[PDB]
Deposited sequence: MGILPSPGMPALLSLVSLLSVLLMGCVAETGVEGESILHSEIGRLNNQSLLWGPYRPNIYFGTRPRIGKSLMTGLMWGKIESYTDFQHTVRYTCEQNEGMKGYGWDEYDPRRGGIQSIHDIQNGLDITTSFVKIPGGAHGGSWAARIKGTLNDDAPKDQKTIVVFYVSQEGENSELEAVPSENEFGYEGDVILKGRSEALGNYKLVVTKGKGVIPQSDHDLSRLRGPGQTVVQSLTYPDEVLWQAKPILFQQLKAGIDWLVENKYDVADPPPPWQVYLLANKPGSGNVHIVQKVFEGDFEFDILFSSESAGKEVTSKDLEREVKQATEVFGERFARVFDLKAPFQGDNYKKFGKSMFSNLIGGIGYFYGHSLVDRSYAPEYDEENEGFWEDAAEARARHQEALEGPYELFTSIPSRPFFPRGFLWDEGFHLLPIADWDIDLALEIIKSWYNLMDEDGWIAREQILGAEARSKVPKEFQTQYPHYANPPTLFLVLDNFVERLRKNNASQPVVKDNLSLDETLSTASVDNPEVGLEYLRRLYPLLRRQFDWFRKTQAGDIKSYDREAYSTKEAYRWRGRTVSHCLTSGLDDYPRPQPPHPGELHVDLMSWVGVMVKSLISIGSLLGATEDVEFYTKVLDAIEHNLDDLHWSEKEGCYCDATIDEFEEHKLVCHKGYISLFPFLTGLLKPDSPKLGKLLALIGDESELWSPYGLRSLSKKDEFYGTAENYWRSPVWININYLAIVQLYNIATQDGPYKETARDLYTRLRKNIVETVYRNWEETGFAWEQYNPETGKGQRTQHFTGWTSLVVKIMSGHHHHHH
């Protein structure tokens, strides 16, 4: 029956606009198949379109905002794009229509509206781009009655083993299409819809902008050869109208030119389903999709006070729709250094100079292809899977659709190599690689990243203990199905757990170090003089210099998190032998945290090194790191050290700001130095952990219950209001928030773990 549930889920999630790297596009969860893309641009001159055309996501003075107003990957949603440069407001309404054997049909409306600044008579070029990969696939534009192009709809008929038979339709549209008086119209027509059907090698079909421009440039080359000059030139909009040449090929370019406002429709009809999809079906399904989204939002995200307001509800829907709407399907090769050079063992003083020289050997090579279905941090600046980010992204997604979060987890853990490594940053295919300098594409099998996905699994295990609607919860409703899901994954978690202990181990036995266990102590590989990228916390200050004696308290605590999950899932599958080993190991870590990482002098957990004179030294930099055993739920609620931590958390002169908890204390010598990435700013992901843990303490008989209840109440309020104010003010979620001004700084459109904010508002953790 787990198979039957599994089969239905594949067929439900197959189609989406899973191309979050572009403003709007579709692809299914198949690596070589059919993809679509939207391009638009105002045309006012003979050179301007190349600077105005839109395709891949950006954020500059020219673009006010864009994002999803409503989205569910099972049903679809609506996207708004506010384009200053092109003087346009754009709506992309996408909806999925179940039926047949090939993962349903779908449709999309594209509404353009001129804004008040735009000339009322602006010429807007719009393109719909369509490509197919496969050796056994075919696709063909049915030609037009009329001479020079289309007065009606454009029909593409295609076939593939993957999708069966299909018609994909680009309707005529509402909108004035401009007419050219020029002589060129005797030969090109006065202005109409046109199609070019081309063929290119399968590996370059993604490069839609250059493919388009080569055709534009060829049209222009043809004007010059045929004596159309500056003596009496045709209008710019007719110069950039392609010559109609429909047929068969693996690329199809559909081009329209509109004067003023416009809309038009894309109807994809699975032959294997009922009768074809109509524009009437698109309207109906859109209305139906809003009503489901509305009803679910209120059920799953019941905003508790003081955020019960409709302003806070519209803010909640925007943060959530953009988190889940940024889900992508990725396919291609990855750049990995598989040398396993001995220098990457970092067993030497000055280990960073050695590993630099091994990277300079450039042994890395493409490997795969790999496939990933993930939510992303940033549509415009880094639209790709980041390992520990996803553990934060899936916390709210898992509320909305626990079956969907488990499909993403499975997607991530199917990347694991024989050793138990998952690369922390997934750059799949050339489309991905085009948005990344060569130097930063290469992944390293000794670089780790916080095991945040265990948290999402912890939430699953609680629920399991205690048709779109039916499927969304099928893994908790059908307990047989849940345990079977775990039975298969569990091995992989256990491998990853063992990987951490082999590769990220620190040294006890070779130094003057007493402690309860000689086994347990951990050190992040990959750290440079001023960084530790693998920890998640780029420039949080660490012992100087970096050293092979180093122990990192935040890593040990992440191991804490896994053992507790393995203890938990292990218990459920009755792996008696296994749970007993973890039970030993959890006891050990608890003692060793204190024995190696606790400071009575500073009153908090610290990182460690060894001295100039070969003694163990604690190095204390009050901030996120200092709290880590608290943030990970490892301390007993009656603990005196926890009490000491609640004091530092509350303390205005250190971490506590009006806008949330500072990453680093105002008292620390590195407060607000260098790039200041994790050296003062407030990060929603770490705050979310502190909030969820305070709340646990505050809802339990015990010594700090009341102190907890107070800090939870204010922290919740400060974080939600700081995100909400900046959303009202700017329309954006920000990477981080400034602890002095409360302004969002660094990257816009971070949805992104800043969207955890909706789970904070719904409470009842």
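- Several segments of the deposited sequence are absent from the coordinates, namely 1-37, 504-516, 816-819.
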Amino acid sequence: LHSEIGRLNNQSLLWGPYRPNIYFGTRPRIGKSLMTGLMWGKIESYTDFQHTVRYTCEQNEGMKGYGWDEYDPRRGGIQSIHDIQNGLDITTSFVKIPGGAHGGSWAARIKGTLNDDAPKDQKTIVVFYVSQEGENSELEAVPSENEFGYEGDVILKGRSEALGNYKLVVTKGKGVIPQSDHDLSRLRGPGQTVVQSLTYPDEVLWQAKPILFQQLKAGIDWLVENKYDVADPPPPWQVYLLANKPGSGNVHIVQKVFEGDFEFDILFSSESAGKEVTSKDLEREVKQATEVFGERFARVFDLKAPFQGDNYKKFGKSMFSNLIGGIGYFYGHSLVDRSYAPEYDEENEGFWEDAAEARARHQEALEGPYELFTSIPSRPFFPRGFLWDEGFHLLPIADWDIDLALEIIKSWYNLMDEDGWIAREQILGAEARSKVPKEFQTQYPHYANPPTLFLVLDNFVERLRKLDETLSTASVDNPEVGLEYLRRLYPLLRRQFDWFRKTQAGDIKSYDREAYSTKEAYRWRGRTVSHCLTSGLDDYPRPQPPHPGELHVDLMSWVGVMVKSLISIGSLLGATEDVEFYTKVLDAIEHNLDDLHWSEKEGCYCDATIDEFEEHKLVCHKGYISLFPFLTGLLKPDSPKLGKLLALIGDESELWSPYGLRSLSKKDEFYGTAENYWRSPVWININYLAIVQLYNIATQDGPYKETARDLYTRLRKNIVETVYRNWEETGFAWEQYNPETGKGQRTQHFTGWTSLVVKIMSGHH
From here on, numbers count along this sequence of modelled residues.
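- With 258-266 and 224-232 compared on mean CA B-factor from the PDB entry, the stretch scoring higher is 224-232.
- Stretches 412-420 and 479-487 differ in mean CA B factor, with 479-487 having the higher one.
- The PDB entry gives the largest Cα B-factor of the residues 533, 655, 195, 579 to 579.
- If you compare the C-alpha temperature factors of 560, 164, 681, 383 in the entry, 164 comes out highest.
- In the PDB entry, a CA B factor belonging to the lowest third of its chain's modelled residues is recorded for residue 321.
- When the modelled residues of the chain are ordered by their C-alpha B factor, residue 570 lands in the highest third.
- Per the PDB record, residue ranking by Cα B-factor puts residue 26 in the middle third of the chain.
- Among all modelled residues in its chain, residue 152 ranks in the highest third by Cα B-factor.
- Sort the chain's modelled residues by C-alpha temperature factor and residue 64 lands in the middle third, per the entry.
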